[PDB]
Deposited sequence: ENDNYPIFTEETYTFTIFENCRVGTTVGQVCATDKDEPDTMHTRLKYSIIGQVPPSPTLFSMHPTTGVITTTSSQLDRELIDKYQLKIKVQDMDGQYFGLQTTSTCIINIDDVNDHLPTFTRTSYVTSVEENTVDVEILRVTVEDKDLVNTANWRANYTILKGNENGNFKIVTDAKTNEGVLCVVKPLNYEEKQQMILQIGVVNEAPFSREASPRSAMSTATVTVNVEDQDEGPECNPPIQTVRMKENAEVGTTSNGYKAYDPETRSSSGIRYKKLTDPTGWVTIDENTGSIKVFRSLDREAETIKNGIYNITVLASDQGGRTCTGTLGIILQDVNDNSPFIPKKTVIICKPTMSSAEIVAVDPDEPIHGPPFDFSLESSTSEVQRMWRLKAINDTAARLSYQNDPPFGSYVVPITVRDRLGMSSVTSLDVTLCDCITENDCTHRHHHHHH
């Protein structure tokens, strides 16, 4: 005789399921303990649903033996009905009408899924930002989403779909308010582009379930009155090295980006390693003060560089480099770098002598070597003939003896600029040229 009731484990169960879920979705399982004798009618339990709130339609089904609740429809919608309440019944004696019974409450809440795409509150946006500004928000767009707040199905994830080729802008999302903020991350240039059109899009963090919203934003760049710019950063001018003192020339030129004019700009010299020219403060033109020299040792590549400081009346500054190309003038004769030559009597018959002209090639080789300025006594026992455009060979004539001589070699360039250089020639008894102690 079962003189005992079967009681549900929980007075009020609570389960959770997702909306739009497949039918047959296991919601949860109830169980009941029976103090009576195991494994006989007296403890064989049966489970059922007795009430549902809201009542219709029927959306939940109980299994008679196991006590498992399941959905019967996909018509679960969090945005319409978030919670259902059930009263359940367990009856012993295999569920026969004369079986003992208990009741219990059973809560079912519907959790959210991302089935609403987020949408911009406006179709188009417009903002205006100053040029040469960076790391600032210039616009805030706000979005609509019908899903559950403060969840991955709700909060937005913005992107710039088109228009951000140069990477000037960045869009990010505020966690505090879920609106998107458009930020400038590279400065803009009104003289390059006065207006920039972008297209933004928005999705949630969570992927869509079961056509993304878009909006165009035109950003108008504002012109600010800027100072002088030294473009190009490197300018060059030509000037004859034999230019007369007082002769002027265009110097560095800087212009205003707005006006595109050079007026009002005052110049000033920074670096100058030679100090041949001066700058007119008002015009920026340069005037020769001391004679130029393309072949000077302070010069390299025959180019003479000074740095200049441009400034407008507003007080903003700009620095450039003026390269003064010194046009060559044939004002240097060739010369022989190595003044001492060693000739071996039993293994050599001549030496190689090379010359150099500081001027540019047009005003240098081919060189003509001669012994014109020489005594009658060396010109009988010394020959030279050019082996190429810059070098010649000095051979010994008429059986000369061992000893240190002195040979005056005259070298002249293509245009007749002449130079004589006395060489200390030694005709010792060398063999490898590295053993000549004479």
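- Unmodelled regions (deposited sequence positions with no C-alpha coordinates, counted from 1) are 211-216, 445-451.
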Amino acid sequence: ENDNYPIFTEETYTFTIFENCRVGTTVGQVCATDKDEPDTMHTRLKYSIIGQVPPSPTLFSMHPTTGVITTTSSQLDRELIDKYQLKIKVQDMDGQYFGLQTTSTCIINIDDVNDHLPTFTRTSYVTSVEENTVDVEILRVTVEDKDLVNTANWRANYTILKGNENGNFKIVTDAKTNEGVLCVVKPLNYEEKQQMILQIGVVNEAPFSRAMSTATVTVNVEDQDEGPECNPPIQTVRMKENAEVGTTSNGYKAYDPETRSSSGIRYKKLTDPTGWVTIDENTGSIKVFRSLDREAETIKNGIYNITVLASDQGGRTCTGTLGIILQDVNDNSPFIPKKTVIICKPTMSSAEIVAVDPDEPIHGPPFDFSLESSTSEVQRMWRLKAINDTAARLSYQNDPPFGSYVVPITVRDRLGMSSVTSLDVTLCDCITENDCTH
From here on, numbers count along this sequence of modelled residues.
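- In this entry, 33-41 shows the higher mean Cα temperature factor of the pair 372-380 and 33-41.
- Mean C-alpha B-factor is higher over 341-349 than over the other stretch, the pair under comparison being 304-312 and 341-349.
- Across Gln194, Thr317, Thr72, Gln327, the greatest Cα temperature factor reported in the deposited entry is at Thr317.
- For the set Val136, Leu188, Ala355, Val277, the maximum C-alpha B-factor listed in the entry falls on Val136.
- Among the modelled residues of the chain, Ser419 sits in the lowest third by CA temperature factor in this PDB entry.
- Among all modelled residues in this chain, the alpha-carbon of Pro408 has a temperature factor (C-alpha) in the middle third.
- Per-chain ranking of the deposited C-alpha B factor places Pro54 in the middle third.
- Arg266: CA B factor in the middle third of modelled residues in this chain (values from the PDB entry).
- Per-chain ranking of the deposited C-alpha B factor places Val23 in the lowest third.
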